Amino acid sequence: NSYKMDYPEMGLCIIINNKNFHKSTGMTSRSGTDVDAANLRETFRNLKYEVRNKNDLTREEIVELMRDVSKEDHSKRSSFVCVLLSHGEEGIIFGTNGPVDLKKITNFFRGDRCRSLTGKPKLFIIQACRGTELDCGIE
């Protein structure tokens, strides 16, 4: 069958849009991510999500943002969506000042750790490098 989607609210959509990093880090400013973050906002608004844009967070504001969202009462929402736009590498997202483990962010939403979301679809859209291999195509 299908997940239940006839709850009162469709659910939260968190967009974390990091485009400017600290100089001490030496990764580039990510141009166009605003175009991304705005496209996301409009699309999920049409899917009836309570969209929340956040911009340029430290690796610690990210953890703490996510922890707060994990302890909200989701009992009347159908699903949960998170989008992350940033630099990365396999298993790792970059706050504005350095890396965060992906499993750390997601662990707040485990079945034992976020009861009001147990049994409900938790979606995670990640725009970030997962390393440094290049695909040269074929044909």
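Residue indices: 1-based, along the sequence shown.
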| query | finding |
| --- | --- |
| 84-92 or 70-78, whichever carries the higher mean Cα B-factor | 70-78 |
| Higher-B stretch (mean Cα B-factor, as the entry records it), 22-30 or 60-68 | 22-30 |
| Residue with highest C-alpha B-factor in the PDB entry, from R110, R45, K103, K54 | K54 |
| Assigned third (lowest, middle, highest) for the C-alpha B factor of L12 | middle |
